[PDB]
């Protein structure tokens with residue numbers, strides 16, 4: 001509720017996640033960790049990721065990678081022909097996160113047949 005969802009780019013995606021696991025990201029770079037996705041996955045596909053491994057409090061970069069490393073496994077596990085960059089998501093330079101999240105979202109909506 002409130003705010004809405006339609007215009008105002010950037011926040012467009014944030015809302016997605018925000019309205020998925022109950023987040024509050026202000027920027028895209030905020031996804032320079034690799035947790036949201038994980039959580040999102042578990043929510044979609046139970047037993048696809050290792051929520052009991054992901055670092056939902058990673059402050060260092062090296063960490064981020066790992067976080068993604070796991071998430072990435074969520075794809076090679078199910079069957080997602082997508083090789084997450086990570087190295088780009090752990091760059092915290094934006095764009096590489098937006099140009100990635102946008103996809104993830106798109107796919108997430110319409111990924112594998114059924115499910």
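Residue numbers (the entry's author numbering): 1 to 115. For each residue, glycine too, the CB sits at the ideal point set by N, CA and C.
Reduced DSSP category for residue i - H, G, I as helix; E, B as strand; rest coil
i           : result
residue 97  : coil
residue 34  : coil
residue 25  : coil
residue 45  : coil
residue 104 : helix
residue 57  : coil
residue 4   : coil
residue 51  : coil
residue 84  : coil
residue 71  : helix
Check whether residue i and residue j have beta carbons under 8 Å apart
i           : j           : result
residue 84  : residue 71  : yes
residue 13  : residue 95  : no
residue 92  : residue 32  : yes
residue 16  : residue 106 : no
residue 68  : residue 34  : yes
residue 115 : residue 40  : no
residue 48  : residue 77  : yes
Nearest-angstrom Cα separation, counted from residue j out to residue i
i          : j           : result
residue 42 : residue 90  : 21 Å
residue 1  : residue 19  : 10 Å
residue 62 : residue 27  : 21 Å
residue 64 : residue 36  : 12 Å
residue 58 : residue 80  : 25 Å
residue 56 : residue 29  : 15 Å
residue 7  : residue 100 : 19 Å
residue 50 : residue 38  : 8 Å
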